[PDB]
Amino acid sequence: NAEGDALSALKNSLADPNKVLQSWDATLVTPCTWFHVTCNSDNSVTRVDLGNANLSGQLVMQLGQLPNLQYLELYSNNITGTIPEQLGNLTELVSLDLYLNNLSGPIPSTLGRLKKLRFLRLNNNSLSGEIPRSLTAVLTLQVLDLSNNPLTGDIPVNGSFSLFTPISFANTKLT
């Protein structure tokens, strides 16, 4: 299917010394039998758990091709590059963890168009830029740990950040 193709694209953009993605065969009808990939009863991909796989590489735009993706865990890898704006195209996405990575660039404003988002952790990265105001729009946000990557431009209190204890910023060169 298309989702299997998307994840195949992700796999091609990544170096995998631990052979974690060995399980991923693009020729399968769905990527639901792939390890570190979990789907729902309708075969649409729900979770992707790549955390601590010691991968290396860049993310991919096709990560927006998983409409039902809820939990995306790439955390604690050597992955570099930016965060694709197409991550906004995910309708219901509960947890986005890119933390503990070498990822650089700005945090895309599209990260504020997922209104189902609870956990966003971008912390311990190379991320540089300004915080999207739409992150104050999403309101669910039980946890935002983003820190350790120099950003500044301000610290918004615009009101979904009203609930944050501020380890949530912690050397953003912030304000």
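Residue indices: 1-based, along the sequence shown.
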query	finding
Per the entry, higher mean C-alpha B factor between 62-70 and 109-117	109-117
Residue stretch of maximal mean CA temperature factor, 129-137 vs 36-44	129-137
Among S162, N18, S23, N12 - the residue whose C-alpha B-factor is largest in the record	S162
Record-listed C-alpha B factor of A53: chain third	middle
Among modelled residues of the same chain, the CA temperature factor third for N149	highest
